[PDB]
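Structural description and commentary
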Amino acid sequence: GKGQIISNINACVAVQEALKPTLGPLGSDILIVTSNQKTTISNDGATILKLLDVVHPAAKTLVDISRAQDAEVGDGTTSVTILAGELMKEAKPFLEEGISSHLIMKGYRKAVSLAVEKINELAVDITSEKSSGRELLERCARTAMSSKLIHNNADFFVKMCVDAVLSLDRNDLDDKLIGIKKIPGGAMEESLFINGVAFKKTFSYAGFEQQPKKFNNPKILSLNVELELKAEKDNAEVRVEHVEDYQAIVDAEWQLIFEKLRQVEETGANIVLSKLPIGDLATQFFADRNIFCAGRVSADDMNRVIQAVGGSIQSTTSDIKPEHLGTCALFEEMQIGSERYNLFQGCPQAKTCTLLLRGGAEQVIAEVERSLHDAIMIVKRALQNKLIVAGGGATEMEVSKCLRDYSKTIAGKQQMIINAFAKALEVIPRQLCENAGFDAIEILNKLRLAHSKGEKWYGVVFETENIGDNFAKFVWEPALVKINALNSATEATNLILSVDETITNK
Amino acid sequence: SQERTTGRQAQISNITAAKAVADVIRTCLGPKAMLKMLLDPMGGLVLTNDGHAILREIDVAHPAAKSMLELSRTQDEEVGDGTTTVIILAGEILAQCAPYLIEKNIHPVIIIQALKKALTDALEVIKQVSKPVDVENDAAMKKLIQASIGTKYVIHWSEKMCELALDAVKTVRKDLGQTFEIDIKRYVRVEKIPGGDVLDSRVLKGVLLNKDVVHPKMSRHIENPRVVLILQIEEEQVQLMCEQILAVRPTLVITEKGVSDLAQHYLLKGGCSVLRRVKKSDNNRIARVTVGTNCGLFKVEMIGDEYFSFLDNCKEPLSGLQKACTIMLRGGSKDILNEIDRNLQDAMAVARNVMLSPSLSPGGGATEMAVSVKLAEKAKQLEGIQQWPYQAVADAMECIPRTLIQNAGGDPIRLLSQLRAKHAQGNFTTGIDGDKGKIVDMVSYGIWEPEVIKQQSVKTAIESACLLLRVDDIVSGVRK
Amino acid sequence: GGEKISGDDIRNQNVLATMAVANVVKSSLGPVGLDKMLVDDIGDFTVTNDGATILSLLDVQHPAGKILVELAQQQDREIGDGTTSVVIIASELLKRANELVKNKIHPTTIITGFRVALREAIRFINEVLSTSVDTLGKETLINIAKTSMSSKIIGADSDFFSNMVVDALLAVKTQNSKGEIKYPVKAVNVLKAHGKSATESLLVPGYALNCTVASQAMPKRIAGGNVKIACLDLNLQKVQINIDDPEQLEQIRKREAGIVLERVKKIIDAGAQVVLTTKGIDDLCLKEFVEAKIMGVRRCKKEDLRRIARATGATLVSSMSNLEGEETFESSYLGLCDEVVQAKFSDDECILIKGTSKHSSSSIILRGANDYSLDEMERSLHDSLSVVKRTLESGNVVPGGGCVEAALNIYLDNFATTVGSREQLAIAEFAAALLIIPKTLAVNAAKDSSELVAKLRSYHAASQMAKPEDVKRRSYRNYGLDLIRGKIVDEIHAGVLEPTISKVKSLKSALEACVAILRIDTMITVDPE
Amino acid sequence: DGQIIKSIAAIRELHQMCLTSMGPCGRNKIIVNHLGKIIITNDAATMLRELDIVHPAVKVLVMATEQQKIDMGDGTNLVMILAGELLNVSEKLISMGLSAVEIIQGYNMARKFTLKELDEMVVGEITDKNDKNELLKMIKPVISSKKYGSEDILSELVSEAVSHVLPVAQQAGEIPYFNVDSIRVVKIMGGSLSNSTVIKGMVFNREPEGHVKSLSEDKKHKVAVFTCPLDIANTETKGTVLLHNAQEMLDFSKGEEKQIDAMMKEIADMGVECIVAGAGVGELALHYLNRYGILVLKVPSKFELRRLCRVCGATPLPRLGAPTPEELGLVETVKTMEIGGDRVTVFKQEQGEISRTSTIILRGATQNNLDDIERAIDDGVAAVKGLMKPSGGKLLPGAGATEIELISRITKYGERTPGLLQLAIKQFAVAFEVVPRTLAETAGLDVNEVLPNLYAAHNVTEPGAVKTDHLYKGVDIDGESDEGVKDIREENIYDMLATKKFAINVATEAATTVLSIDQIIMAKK
């Protein structure tokens, strides 16, 4: 009934206050302990909402939108839940008024429809600013380092990740091809540029020191065939009263595995790769011929051999031809924390560059993978369509006062809802000032007079504890961030007000 | 403690409070009405058709139904006449407000506005169907008492029973010369002594003193019994009272206690009959009439249980005011005497309302059908927001005769369809027959009631529904 | 005897529980509201719209809400009405005060922001204040009476009472406080009877005592002018003692009953025309009253005779006595009245005292359907006469029906920008909170709320929008409500006005009472041992 | 006793919830089953399918809505709403004791008169049923049967897909072919609602694990449907290996490897770049296809393959061999593309050859909102079935204004037929006022003022003239609804003749079914 709607709104109020430290670089971490004993600690409002566990069924609306905002932006997306949470909180007295929830939903429908028209007008083409191919993405990467826990170690990736994304082909962009491997332990400044496949460490028995770890120009060969003696052989009936014929059972496969390893070596491949684990019989054979072999190629490792390396997989040893073999300029195996990493280098045909993330904290190393992945999504949609808006949360304030201008054109009962949507939009910078310790009323009075005069883009930077322009500070944001944010948050608000009752069985 | 109801739960709980009771009293209407049985906390039972004691003994868990008993007491104190055909109207309203209340989301005050307008048009209908009759004829009131006594076999004794009360009716009256025939019949007390016959009751115009004289064989005649408003102690003190009254030379004696032997010497020398102690309330009866004078005759009678004394003024004035008297009721048996008291005691209010409004409204379900048609006629003329609620009020008066049809167990649709023509168009005397369950003339068959019966009921019934529409929240379980 | 609760729960659990109770009583606001049923657990209940009666019998387990209940006690002393309407203003004051304290600003800046706003709020009301003057006839006193008749079910019958209450208060008119018009409380006697209708009530410019004569044979009317009247408390009622001769104890009671018999005989020696006795009188002592043309009255209430000595000016005496030891009745205890006329209303006689000396008084005899009706009509006219009392005491009156709350919008909006700093946000919330009162009226009116609220803002904005010194009309001032057609109607044509005391010294006292709840930090509860 | 208490109290429990399930103002509800799966939909008929119901009388009315999905299924939630109002009118008769036989005869005599009045409500039959201009009047109000968030996008995609998903022919009579599967529902989270469009190709969710090289320019792909998995002929039972000499042991592995090589080479000889496989693919096949670069298809059981029967037009062949062109389909381009942010298999045909089927890509952020869009897609097929199956669907006043005029017609039918049922018909004649009562409750309007204004606007027929205004009159859903009664034809709000014809016919017997129950006999478990 009517009380069920208010109960669904009040259930999301505790989530809105909990997400205040999330959005913004000046926020704080939140500890989420899951059933895997791994505690999730992040300063970004996306990864937190991904693994966040809820209770009340109405909280699934914030869970469903959390998966949609991840595939669009990936960082600073808490404002989607902040807007949807505040509109429901502000509409609590409005539900008791004469305005039905439909006119409120129709008010948000007209509010987001008039907001897209404003965003299109506020969109500024960066090519008219005489920005070269470097300063365009470089200034966009520096401002993308916000919302992340560690700002100091993020400065080490500024001049690197830009060259790492540019290393990927700009005509065809793929997230799995640019995929980054995580290395536990080590300083954040210890990273490297890798052009090829990486392995966890290796699986070996007895002495591992008899195999050379560095080759000059090996031929990369990846195979899915397993090497083992009498593994999958089905039960058979063998009647032998003799000696050699009974001994030939094991000797047949021992001679066959010797022919398999010989035909593969005749192709000239110094690097042998297998999918399923293999025995130790090939050790002595590989140690004398100075040929390195590693098995258990993962799923992400196969995708890198396909595109970057450009090899082939042939199970039959007699069918392996040099056309199925790859190559490379240099093969270097680096060891970190008593763990060797097989790394392919010198691959001009490789269209991607793999990064090695070394960090001591388990909670940070999980965020850094998604931290660089967010910048990949930023450089993706921005390179195709170039649009720049001021970041830091001041983009909505330019629209906030502008929404009051459309309310003068309404002149009706729905104007109270439009004025509420414009007032409830100002909670985002107030929560950003709350994490910074700034006064709520003092800054908000300055935020209103900010866009009242100069209009355009005025950012009110929070780093210098003063008022200013984020555009002059080179603080940028992709324009598509707030486009998908306001469009998706409108459907989230329309779903909550449309449910008058919740039915639960069992 | 809370016990608070808000939203739709507040209206549903209050409507169903008196709704279940309204179906229980459907057997209390008409001369064919059943007899309800009650259960007290002591395990006993009381079998009667009077709804006053029915709602008092029955304990309803909802406090909303408790007002209906208080609303019933108001109609019993003001009228209290023929509750079989009257008091049932208290529960015929809320039951008909159920179909549209929450479903149309109409606020109760909007219904209150339609309730105030329904009372305005209802007052004009009550006096429209009423017709005047001779107010001085006592034969018209004889057949009126016989209509409400049809629940028993007393019709055979109705000749003496009707004249028993009607002799006291014309005896009192006269509280005013002009403006309205106000009276008070509470001064006349009906004593019920089991045994004997009803014909032993002596009633006439005057003041009946129920007591005995000095000796049963004393002279039974007094010329002008003028009324005036251990052994050693009784003979000296009482003599200082009765004999002291003789200074103005009355021939009638009134004392608080009996007469001793010494007082008999000086009391009997006056040449008349001496009357010993008189009942306490009998002094208040003669105090209204009258040192009183102009007393025509005295008489004393003898019968085993108690004795009688007759005192006839025969001229009140020389204006004046009402006279008071006494009535003794002698029944055939013990269980018969107590049950018939309901019809005879209510006979005082039967003729009391005749003096108030000599005009006569049609009975036997004819009044409720007349109001139901007039309310249905003014509904289409008014229209507005009152269209729906004011039309349901017309259906509320239509379900009252449906309850009378329930005693027969037939189809009310067949009867009510014919009553919308022969009654509304034909005449106001058309109604439903109680005995045969058919449509006959009410005046020709003998079913009629004074205007005060319908006037003081429907007007009170409409005003009684105000408390039902004003309910919002209920708070209990604290203190008072 | 218990634990303690601190943190944001005190700013929430105590406030939200108060809001839950406050939202209940909002259904009785305005004439379009409904009345609550109060059950006495004894089988009878009382349905009333009075806020002081409902909140008193309502069980409240939160001490924070008990302070708001005590507001009706102090409000009825200074004002005398508002429990059906005005008391609701103390509810929404905590509604918007909760959202402010849950983020940053400390309640001190919020309350001091209300203090500086309330200080100028009295002057803001004085700007829109319309004094009572230049009105034709009693239209002012009639409109104030009809406004007091609002929120009551008998408000439709007020076409009569409106003219009666005005003349009844002119009857009790006295002079006190060095030449000031005063209307003493309780001087108007309200009587109840079953019969007739509401419009059939009688206007009595004097005191009326409801009672009957001692003996039913006594004279029912005393003619003549300048009839004296007196009130007597005399009681007529029936150690080691060695009993030897019964005549000894008989002689004692003979002297006791003999002196009491003389106590009535000493009354006619002073020429008492009318005798009022607190206790009963035997029929023997009533003979002296008939020959002397005295009307005896027995079984009187102490509070009934106390109001007679105040209104008429007679001196109350306990029994027969004087400066000496002799028991007698002095003539100094006799009062004076214009005439004694016995009015019989529903078998109930009434003693009419006209031309009082000490204090001028009046009486109102109400005749109605039944008990629960008349029982509601008692509180209906109890708070109604106090509204006009403050009207003629102070000629300042303010418009009703949400006009004050709609006008203070721009007053507080421009004042919030003047002070600025951190108090601008608190002042804006205090203005938006007062707009909830007309929104509650629309809930019970079954109409659109914001449709009228947008009209309350637009039509009342033309006052400050256009320059008032340049006239130009466009502003009818009040507007503010209509309870039937759902349209914008001026209060002058509607005839609904209320004294300024209904706002000043009402919300001013309520705001100072509500800010004490925001001051509460922790809570300590000690259970009885 | 069962009808007075058990029947009325159990049905009115869910009847109050169905008041928000009908009209353009229809509201969604959250229903969690015993398994824990949350369900959000605005259709009460969809609710009753997944809802667990105990009392049998409500379960009987659930089957009435299931039959509506076979025929109409558009705005059929009135079956639960109208029956609830018919029981409310009957509840007054139950307390009076009126015979249930006269009640059954009341609906039977009214049903014969109702079906005759529906034939007088038809105006402007649309015989084209092809172009979007004529179908705009039919499709647009059907969009209002569901969420009103965007009425421009949903109405345009259905009107545009006509020439795409539906069979296109010059003149198609004799029940032209139509299928519920003619439109595939693809739910992909992310993207704006405006990004949804109609694609002539087909999209499947899977990631090729191989070396796949997409051929775009040249096109000309050969595809075939394979019943059995790709491998040498396998024994359905479990055999036993027989090993004796070294020839059987060494050539055991070489036997299965060389035969599948020649078996898969015959497929490559036909220039087959893609296949359709209902079963899995062995590991030996994918290893040899690395050299040829031939696709495999991991799609689930044939319920998905039924869509590919029209697309490719290939007959499933269990044996591999060299499939003849009869079993060889045609697809223009096969490439893995990113639509809503994920990489899936996408068949993109600029100008393709496809038989009587196509797909519609759905772009939205909320997956729960996509569930209601799937129900809205079924309304598009229901609109096609409503046009195709009967000789025509004509036009009917929409927005629930159909039965408003029918009340005045049926009220006269009771007066024109005097008798004992004259009062029974009038009670059932005004029982249709629940339709404007139901919609105005969710429209934010007060039925006290609005409902008599609807009767005052329609009157009897019109003032003196030759014309019909009442056919163009209906209740207004808009912020301007407080002004008065808005028209329909201006906004082209219409209904279908078969919508109210099949609904009232089923609701006639459904109302008498519950009233025919004397007592409900139950049992444990």
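Residues numbered from 1 in each chain as written, not as in the entry; some residues may be left out. Chains lettered and ligands numbered in written order. Part of a larger assembly, values for the part shown. Heavy atoms only, no water.

Moving on, we get to the overall build of chain D. Of regular secondary structure, chain D possesses 16 helices and 14 strands. The principal-axis extent of the C-alpha atoms belonging to chain D is close to 100 × 60 × 40 Å. With 525 residues in all, chain D has 48% of them scored as buried. By sequence separation, contacts in chain D at least 24 residues apart represent 73% of the contacts at least 6 residues apart. (Helix = DSSP H or I, 4+ residues; strand = E, 2+ residues; numbered from the N terminus. Buried < 20%, exposed > 50% of the residue type's maximum accessible area, 1.4 Å probe, protein only. Contact = heavy atoms within 4.5 Å.)

Let us look at the domain arrangement of chain C. All names here are of chain C. When its domains are assigned, chain C resolves into domain 1 (1–132 + 396–529), domain 2 (133–204 + 360–395) and domain 3 (205–359). Averaged C-alpha coordinates put domain 2 and domain 3 at centres separated by 32 Å. Domain 2 puts 18 residues into the contact, and the matching count from domain 3 is 15 residues. With both chains or domains summed, domain 2 and domain 3 bury close to 1300 Å², and 59% of this area falls on carbon and sulfur atoms. Among the residues domain 2 hides against domain 3, the three largest losses belong to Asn189, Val204 and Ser361. Together they make up 33% of the total. Run the count over domain 2 and domain 3 and you get zero salt bridges. At the surface where domain 2 touches domain 3, the tally comes to seven residue pairs in polar contact. Elements represented by at least two residues in the side of domain 2 that touches domain 3 include exactly β7 (188–194), β8 (202–204) and β14 (362–368). Broken down by element, the residue count for the side of domain 2 that touches domain 3 peaks at five residues, all from β7. In the side of domain 2 that touches domain 3, the residues fall into eight nonpolar, seven polar and three charged. (Domains from an automatic or database assignment. Buried area = accessible area lost by both parts, 1.4 Å probe. Salt bridge = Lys/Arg side-chain N within 4 Å of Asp/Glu carboxyl O. Polar contact = N/O pair within 3.5 Å; in protein donor to acceptor, adjacent residues only side chain to side chain. Nonpolar A, V, L, I, M, F, W, Y, C, P; charged D, E, K, R; others polar.)

Residue and element names in this part refer to chain C. A grouping of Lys279, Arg299, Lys302 and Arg306 is seen on the molecular surface, where their side chains present a positively charged patch. Its location among the elements puts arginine 306 in helix α12 (residues 302–311). Here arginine 306 falls in the exposed class, since its relative accessible area comes to 62%. (Patch = residues over 30% accessible without salt bridge, like charges linked within 9 Å, V, L, I, M, F, W, Y side chains within 5 Å. Areas by Shrake-Rupley, 256 points an atom, 1.4 Å probe, with all protein chains shown as cover. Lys, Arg positive; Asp, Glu negative; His and termini not counted. Charge placed at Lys NZ, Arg CZ, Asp CG, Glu CD.)

Residues lying three or four places apart along an α-helix face the same way, a consequence of the helix completing one turn every 3.6 residues. All names here are of chain B. Helix length check: helix α3 (residues 66–78), at 13 residues, gives a terminal C-alpha distance of 19 Å against a target of 18 Å (1.5 Å per residue), a fit within 8%. When we look at burial in α3, the residues that qualify are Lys66, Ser67, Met68, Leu69, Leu71, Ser72, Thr74, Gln75 and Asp76. One or two positions beyond α3, positive phi appears at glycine 80, with a value near 60°. (Expected span 1.5 Å × (residues − 1).)

Turning to the interface of chain A and chain D, a few remarks are in order. Taken together, the contact pairs 52 residues of chain A with 51 residues of chain D. In total, about 4800 Å² of surface goes out of reach between chain A and chain D, with carbon and sulfur atoms giving 53% of it. For chain A, the biggest contributors to the area lost against chain D are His102, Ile503 and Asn505 of chain A; these three give 13% of the whole. Between the two partners, chain A and chain D, sit five salt bridges. Here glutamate 491 of chain A and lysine 147 of chain D are joined by a salt bridge, their closest N and O atoms 2.4 Å apart. Put simply, chain A and chain D have 22 residue pairs in polar contact between them.

What follows concerns the domain arrangement of chain D. Taken domain by domain, chain D holds domain 1 (1–125 + 394–525), domain 2 (126–200 + 353–393) and domain 3 (201–352). Just the C-alpha atoms count here: the centres of domain 1 of chain D and domain 3 of chain D sit 54 Å apart.

On to the sheet that holds strand β4 (residues 130–131) of chain C. All names here are of chain C. One open sheet accounts for three strands, arranged β4-β15-β16; its pairing is antiparallel. Every other strand in the sheet has two partners, leaving β4 and β16 (497–499) as the edge strands with one partner each. Bridge analysis of β4 against strand β15 (residues 396–399) gives two bridges, and the strand direction is antiparallel. Bridged to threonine 131 within β15 is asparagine 396. (Pairing = 2+ DSSP bridges.)

All names here are of chain A. Burial of the side chains of strand β2 (residues 39–42) is restricted to one face: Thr40 and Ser42 are buried, whereas none of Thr39 and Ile41 on the reverse face is. Sheet topology note: the strand β1 (residues 30–33)/β2 ladder contains four bridges and is antiparallel. When the sheet's bridge partners are listed, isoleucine 32 is paired in β2 with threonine 40.

The pairing of strands in a sheet comes from backbone hydrogen bonds and takes either a parallel or an antiparallel form. Residues and elements named next belong to chain C. With respect to topology, three strands assemble into an open sheet ordered β7-β14-β8, the strand pairing being mixed. Each edge of the sheet is formed by a strand with only one pairing partner; in this case those strands are β7 and β8. Shown here is a sheet whose adjacent strand axes are inclined to one another by a mean of 15°, direction ignored. Looking at chain direction, β8 and β14 are connected through three bridges and run antiparallel. (Axes fitted to C-alpha atoms, helices over the stretch in contact; angles between N-to-C directions.)

Residues and elements named next belong to chain B. Mapped onto the elements of the fold, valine 207 is located in strand β4 (residues 207–209). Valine 207 sits in the buried class, given a relative accessible area of 1%. C-alpha of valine 207 to C-alpha of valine 188: the two residues are 19 residues apart in sequence and 9.7 Å apart in space. If sequence neighbours within four positions are ignored, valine 207 has contacts with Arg285, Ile286, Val289, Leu311, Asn313, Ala324 and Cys325.

Residues and elements named next belong to chain C. Spanning 17 residues, helix α18 (residues 449–465) covers 24 Å between terminal C-alpha atoms, matching the ideal 24 Å at 1.5 Å per step. Those residues of α18 not exposed but buried are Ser449, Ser450, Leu452, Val453, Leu456, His460, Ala461 and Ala462. Looking at the buried side of α18, the elements it contacts are α15 (403–419) and α17 (436–444).

Looking now at unusual backbone geometry. Most of the time, phi is negative for any residue but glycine, and the peptide bond is trans. We note that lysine 456 of chain A has phi near 55°; this positive angle belongs to a residue other than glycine. Tracing the backbone shows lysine 456 of chain A in the loop between α16 (440–453) and β13 (476–478). Accessibility expressed as a relative area gives 66% for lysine 456 of chain A, which makes it exposed. Phi is positive for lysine 293 of chain C, close to 60°, though the residue is something other than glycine. Along the chain, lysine 293 of chain C falls in the loop between α11 (287–291) and β12 (295–297). We classify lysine 293 of chain C as exposed; its relative accessible area is 62%.

Our next topic: the packing of aromatic side chains. Taken as a whole, this structure holds 20 aromatic pairs over all chains when the rule is applied. A centroid spacing of 6.4 Å and a plane angle of 40° characterise the contact between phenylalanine 292 of chain A and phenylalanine 331 of chain A, whose relative ring orientation is tilted. Of this pair, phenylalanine 292 of chain A sits in strand β8 (residues 292–294) while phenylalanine 331 of chain A is found in strand β9 (residues 330–335), placing the two residues 39 residues apart along the sequence. Overall, the relative accessible area of 9% leaves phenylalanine 292 of chain A in the buried class. Aromatic ring contacts, followed pair by pair, group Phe215, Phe292, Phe331 and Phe344 of chain A into a single cluster. Stacked on the ring of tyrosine 100 of chain B, the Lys or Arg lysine 104 of chain B has its end atom at 5.0 Å from the ring centre. Its end group placed over the ring of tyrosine 472 of chain D, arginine 489 of chain D keeps NZ or CZ at 4.9 Å from the ring centre. (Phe/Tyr/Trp six-rings, centres within 6.5 Å; stacked < 30°, edge-to-face > 60°. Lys NZ or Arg CZ within 6 Å of the ring centre and 35° of its normal.)

The next point concerns the pairing of strand β13 (residues 350–353) of chain C. All names here are of chain C. Burial of β13 is two-sided: the residues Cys350 and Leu352 facing one way and the residues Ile351 and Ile353 facing the other way are all buried. Relative to β13, strand β9 (residues 207–210) runs antiparallel, the two being bridged by four bridges. Looking at β13, one finds that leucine 209 is bridged to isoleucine 351.

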